[PDB]
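Data block below; observations after.
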4 protein chains.
Amino acid sequence: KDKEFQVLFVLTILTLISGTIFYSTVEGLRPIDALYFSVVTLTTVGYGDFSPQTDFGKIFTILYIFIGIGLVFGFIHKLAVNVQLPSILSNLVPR
Amino acid sequence: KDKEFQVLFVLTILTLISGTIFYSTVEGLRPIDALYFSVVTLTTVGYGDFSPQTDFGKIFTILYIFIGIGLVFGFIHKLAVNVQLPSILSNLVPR
Amino acid sequence: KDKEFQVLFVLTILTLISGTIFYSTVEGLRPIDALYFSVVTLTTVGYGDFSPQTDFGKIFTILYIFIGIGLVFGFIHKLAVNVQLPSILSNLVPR
Amino acid sequence: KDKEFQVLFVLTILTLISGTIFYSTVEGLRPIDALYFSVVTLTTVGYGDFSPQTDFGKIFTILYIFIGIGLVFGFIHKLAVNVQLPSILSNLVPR
Ligand SMILES: [K+]
Ligand SMILES: [K+]
Ligand SMILES: [K+]
Ligand SMILES: [K+]
Ligand SMILES: [K+]
Ligand SMILES: [K+]
């Protein structure tokens, strides 16, 4: 299950890297703003402080959302159940 | 399962076409902006760079969200489990 | 299952009515804008074209989200599986 | 199950407290606006009336979303099934 989580973890990083590179280059965002934008899109928070202005950027975002949500959400759930939950349970039993 | 995914795939396309046509016509968006708006609403990202200004558009959006989320989300999950997952597993075994 | 869906359906209506009344009165929105705002909050689209300006409105929105998401999402899923799905299947068999 | 819900309930409070403190201090929001922002981020509504302006705040928000969504969503579901549902069923049987 550490190997389940590692694969998902890695795939998320690669996914957020892909959005960082595209949005920084095509839409002109600072690298840190691209990442933060990529994270805020794929978790569907969507503040809208950043949003794509070019048509290429709009098209890309369509496909990035559809390809990216299922992964991101899969990692978060794996993180909650296989990492966050056990550490919670462990804190309720003094060793 | 390719036939499960095809039906959902098709139904999503038709759903996004429906929003493209309405928002372009009633709210005046360029076709590409309507589509991008439709995609950003039904995945609940909701940047808000576009949002309906007319009462008809507001009413329509209410019903489009309720009818449209269950489908969109169903396709994304089908896409993740029946397409994205297998291709991931296949990349871990040289043929 | 029509009785499952009816109860949820009703509970959603009552929930959106509650938000319509509060936001129209406390935040001053037109009734139609309150409803549209209530729908856009509880489905977590969150365009932000409307958002509460008063502290009372901010507090209320906190609790409305937590009480309201589980219901709304429950209705949408019931709608997708017990209404939308069957009608889809029925359209693939000429009577 | 009251003990399931209590643990989750508590963990959510602590999570929203953590965001209240950071956003009030680092981003300068009034305590009430930080809380409301924290709640609106972790439920992925994301109105965007508030959004982090500093790079530290942007980085923090990335990790807060990933750590925080799984919890928040877990509480809401526990709330819907173990508290909201039973009280609904109880209202359909006069004692
Ligand atoms: K959302
Ligand atoms: K959102
Ligand atoms: K949003
Ligand atoms: K927004
Ligand atoms: K979900
Ligand atoms: K969601």
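Because the Cβ atoms are built from the backbone with ideal geometry, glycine has one as well, and the counts that use them run over all protein chains shown. No value in this document is a laboratory result; all are computed from the given coordinates.
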Original post:
How high is the FRET efficiency from B:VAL83 to A:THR54, r the C-beta distance, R0 25 Å, rounded to 0.05?
Top reply: 0.35
Subject >> Contact order normalised by residue count of the stretch A:2-89, Cα under 8 Å, 6+ apart, percent >> reply: 34
Subject >> Copy-to-copy label separations for A:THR54, where each label sits 7 Å from Cα toward Cβ, in nm and ascending >> reply: 3.3, 3.3, 4.6
Original post:
For the stretch C:9-71 and the stretch B:16-95, what is the separation of their Cα centres, given in Å?
Top reply: 23
Subject >> Helix-derived mean residue ellipticity, 222 nm - over the protein assembly as shown, DSSP H n ≥ 4, -39500 (n - 2.57), to 500 >> reply: -24000 deg cm²/dmol
**OP:** Starting from the coordinates of the alpha-carbon atoms of the protein assembly as shown, obtain the Kirkwood hydrodynamic radius over all distinct pairs and give the value in Å to one decimal.
**Re:** 22.0
**OP:** First select every other residue whose beta carbon is under 12 angstrom from the beta carbon of B:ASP49; then total the charges, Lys and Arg +1, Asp and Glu -1.
**Re:** -2
Original post:
Sorted by mean Cβ packing within 10 Å, highest first, what order do the peptides D:83-89, A:28-34 take?
Top reply: A:28-34, D:83-89
Subject >> Inter-copy spacing of A:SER18 label points, which lie 7 Å from Cα along Cα→Cβ, given in nm from shortest upward >> reply: 2.9, 2.9, 4.1
Subject >> From phi via Karplus (6.51, -1.76, 1.60), per-residue ³J(HN,Hα) for the stretch C:32-47 in Hz, x at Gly/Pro >> reply: 5, 6, 4, 3, 3, 5, 4, 5, 6, 7, 6, 8, 6, 5, x, 4
Original post:
Hey, got the dipole for the stretch A:2-89? About the Cα centre, +1 on K and R Cβ, -1 on D and E Cβ, debye to the nearest 20?
Top reply: 120
Original post:
Say a label goes 7 Å from Cα toward Cβ at D:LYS3 in every copy; what distances in nm does this one have to the rest, shortest first?
Top reply: 3.6, 3.6, 5.0
Original post:
Which ³J(HN,Hα) values, rounded to whole Hz and listed in residue order, are derived for the stretch D:76-85 from phi using the Karplus coefficients 6.51, -1.76 and 1.60 in 6.51 cos²θ - 1.76 cosθ + 1.60 with θ = phi - 60°, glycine and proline given as x?
Top reply: 4, 5, 4, 4, 5, 7, 8, 10, 5, 4
Subject >> Derived scalar couplings ³J(HN,Hα) [the stretch B:12-21; Karplus, 6.51 cos²θ - 1.76 cosθ + 1.60; whole Hz; x for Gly, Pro] >> reply: 5, 3, 4, 5, 5, 5, 4, x, 4, 5
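Return the inverse of the average 1/r over all pairs of distinct C-alpha atoms in the stretch D:2-89, which is the Kirkwood hydrodynamic radius, in Å to one decimal.
13.7
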**OP:** Of the options C:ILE69, D:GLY46, C:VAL7, report the single residue whose Cα projects farthest towards the positive end of the charge dipole of the protein assembly as shown (beta-carbon charges: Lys, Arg +1; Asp, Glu -1).
**Re:** C:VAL7
Original post:
Considering amide H positions built from the backbone, and no H for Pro or chain starts, which residues 5 or more places from C:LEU29, or on another chain, come under 5 Å of its amide H?
Top reply: C:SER24
**OP:** Evaluate peptide C:7-17: per residue, the Cβ atoms of other protein chains within 10 Å of its Cβ; return the mean as an integer.
**Re:** 1
**OP:** Just rank B:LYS3, D:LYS1, fewest to most, by other beta-carbon atoms within 10 angstrom.
**Re:** B:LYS3, D:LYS1
Original post:
Average partner chain C-beta neighbours within 10 Å, per residue of D:71-77?
Top reply: 4
**OP:** Determine the dipole magnitude for the protein assembly as shown: charges of +1 sit on the beta-carbon of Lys and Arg, -1 on that of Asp and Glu, nothing else is charged, the reference point is the Cα centre, and the result goes in debye to the nearest 20.
**Re:** 1280
Subject >> Under 19 Å from the Cα of D:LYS78 - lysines, other chains or at least 8 residues apart >> reply: A:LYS78, C:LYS78, D:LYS1, D:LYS3
